[PDB]
Amino acid sequence: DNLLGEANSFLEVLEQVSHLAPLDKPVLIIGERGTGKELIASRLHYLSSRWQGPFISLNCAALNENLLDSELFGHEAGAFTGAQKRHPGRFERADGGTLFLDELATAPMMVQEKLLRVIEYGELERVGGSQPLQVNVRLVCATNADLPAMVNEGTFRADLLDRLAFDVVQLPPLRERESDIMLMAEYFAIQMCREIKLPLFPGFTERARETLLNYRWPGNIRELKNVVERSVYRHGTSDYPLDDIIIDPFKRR
DNA sequence: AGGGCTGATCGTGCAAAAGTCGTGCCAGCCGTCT
Ligand SMILES: Nc1ncnc2c1ncn2[C@@H]1O[C@H](COP(=O)(O)OP(=O)(O)O)[C@@H](O)[C@H]1O
Ligand SMILES: [Mg+2]
């Protein structure tokens, strides 16, 4: 329920991912719009020997301070003013374990070439402490597929990405998943009802279930969660079965 | 019974005002030649 039940093909892929988890090889990952490819990564990291090691996942390419790539390894403060440099860094935080990337999609072509070169050769040096790169323990990249690079060539510098052919993982649509979708929805509903402290599950008309099934699920299980939330809030009661399920909060009446 | 406040610990720069040096150069004088 709170874990990744996953479809049958998704189950086989999950087995493959849990296996590749011990493989600390650098990776680039792809999940759907609202599939949630992160939880499988956490399950793998637990399955990886890097489970004990730190697994700092990239913070969506956040742009705090001017260190930027030197945010990967920087200094804290001059001794005369403040505190010691104390060797704190971003590329260093994921120490002894996994290292996950996020919001890799948003980048332009220049930083794309930079990342490609870092893959080719990586060094970490900071005014404050730091430690040698070229380790990148259990490295894995994610969220790049949200914005494709060089799809028709051009865009970001993904020619090297074509050259850099470390293994990748696709993402089938939720509509194409054909898993226990109603079961996952029920699990989410029960979790919400507990969170909502609801009297009980009011129920759902199987006709309502089939009607809600008439949807592309563009946000995948995230779309499922949002639609369930809207449908339940519309129900707002535990009395009678939900003959209504939320198509879209954007509408009129 | 409730608040405050405390300080364990927090080091290799450089700038501020100020001077001092570079450099010349103007006033006087006496050796001189007038
Ligand atoms: N098979 C699954 N097992 C557990 N949780 C899931 C599953 N599929 C989707 N989810 C949920 O969907 C949400 C998607 O969130 P997010 O990670 O932003 O999606 P994406 O990775 O597509 O951006 C996650 O919070 C996750 O809890
Ligand atoms: Mg996401």
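By the numbers in Swiss-Prot, the shown part of chain A spans 6-258.
Using N, Cα and C of the backbone, Cβ positions are placed for all residues, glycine too.
As written in Swiss-Prot, here are the features:
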- A:15-237: domain 'Sigma-54 factor interaction' (DOMAIN)
- A:36-43, A:99-108: ATP binding site (BINDING)
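On the structure: features taken from Swiss-Prot.
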residue	record	Cβ within 10 Å
A:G36	ATP binding site	20
A:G39	ATP binding site	16
A:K42	ATP binding site	16
A:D100	ATP binding site	15
A:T103	ATP binding site	25
A:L106	ATP binding site	20
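Secondary structure from DSSP puts A:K42 (ATP binding site) in a helix. Ligand 1 lies under 6 Å from the Cβ of A:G36, A:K42, out of the binding-site residues A:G36, A:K42, A:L106.
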